[PDB]
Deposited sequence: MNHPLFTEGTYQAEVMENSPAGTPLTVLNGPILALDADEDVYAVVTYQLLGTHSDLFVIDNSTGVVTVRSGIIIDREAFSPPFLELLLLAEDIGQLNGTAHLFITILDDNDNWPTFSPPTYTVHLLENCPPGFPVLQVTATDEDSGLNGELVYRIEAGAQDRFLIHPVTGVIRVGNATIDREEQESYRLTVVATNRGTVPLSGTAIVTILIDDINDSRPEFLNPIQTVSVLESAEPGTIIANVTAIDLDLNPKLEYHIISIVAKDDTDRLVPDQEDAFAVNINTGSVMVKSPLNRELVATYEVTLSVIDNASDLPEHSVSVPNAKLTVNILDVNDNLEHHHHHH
């Protein structure tokens, strides 16, 4: 006997159900008659002992992901009507199905990121996996939601970086992104992951006064100790520690003439910004004060941002 080829190339999609004809690229399988088919992975198939058409067996599940290499070598026999034996070979590529989902494991990320970091700073890398080959196995990364144009992901490498935005903790303290990884090809399977981005703090904000301009009339009969006004500030960083100081006291008499040496006339509480009369008052002596107070967050990592602008103006008018 003589098979029409020495070696027949052949294909089969993984998961093909029982009875599926094997696809023969240089077939049909013919000998010029009985037939059988031998080999180690012969038991995934049955051959017809007359036609020599070959098919998947019953109760057999052909997984490409379980054969590496994903190719099969078998032997074909042909019995002569009186006992001679011709033979040929059968190569069989097992073709790939997209039967494996992009998997994130862990399926969830949480990472910290210091603020004021520059454009294109790399934040982290997500990696999904996929047990298929070619188109079916490859992965387009995408952020489906949560980024707010402050974050971007490399479609190929999964690496997430900052966009063309300043990332200020005091603007927004965290992000929760939803990232997709998708297969290419005719069956676009995807998997999703959560990325949670926590902005760590730099003490980079200015304390600012909430009540900056102030004009208060007080009686000359006010004694040292009397509380007159209260300046108040906030600093939007974590763990600020503010101090209030006075640095101007500009004193004018009844008709606009200045009066030397009155840094003592009032005092502010370093911790509360409560301001009190300190040395005694008299309209006839001084009828107006121009007190200027600043405040300084003492924990500030940037001196440039560590002090109120504007300062607070308290003008005090004395009555009879």
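* When the deposited sequence is counted from residue 1, which ranges lack any model? -> Unmodelled stretches, in sequence order: 1-3, 36-44, 333-344.
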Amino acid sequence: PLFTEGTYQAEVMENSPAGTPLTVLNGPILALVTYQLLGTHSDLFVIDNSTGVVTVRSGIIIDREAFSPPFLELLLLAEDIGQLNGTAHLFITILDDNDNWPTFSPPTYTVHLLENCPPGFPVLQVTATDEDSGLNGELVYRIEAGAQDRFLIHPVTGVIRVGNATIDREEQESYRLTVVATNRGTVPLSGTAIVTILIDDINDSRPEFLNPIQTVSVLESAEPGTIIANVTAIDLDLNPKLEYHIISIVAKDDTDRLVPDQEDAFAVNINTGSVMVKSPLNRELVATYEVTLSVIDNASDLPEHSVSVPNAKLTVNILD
From here on, numbers count along this sequence of modelled residues.
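* To do: Output the stretch having the higher mean C-alpha B factor in the entry; the candidates are 249-257 and 59-67.
  => The entry gives the higher C-alpha B-factor average to 249-257.
* Look up the CA B-factors in the entry and say which stretch, 215-223 or 97-105, has the higher mean. => Result: 215-223.
* Asked: Which one of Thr129, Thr232, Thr110, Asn85 shows the top CA temperature factor in the record?
  -> Highest C-alpha B-factor among the listed options: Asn85.
* **Residue with maximal Cα B-factor (values as given in the PDB entry) among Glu79, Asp201, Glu243, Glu144** => Of the candidates given, the C-alpha B-factor peaks at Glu79.
* Asked: Which third, lowest, middle or highest, does the CA B-factor of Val277 fall in along this chain?
  -> Ranked within chain, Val277 CA B lands in the middle tercile.
* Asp149 CA temperature factor, ranked by third within the chain -> Answer is highest: the recorded C-alpha B-factor places it there.
* How does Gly137 rank on Cα B-factor within its chain, lowest, middle or highest third? -> Its C-alpha B-factor belongs to the middle third of this chain's values.
* Assigned third (lowest, middle, highest) for the C-alpha B factor of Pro155 -> Tercile = middle for this residue's CA B-factor.
* To do: Compare the C-alpha B factor of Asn271 with those of the other modelled residues in its chain, then answer lowest, middle or highest third.
  => Lowest third, going by the recorded CA B-factors of the chain.
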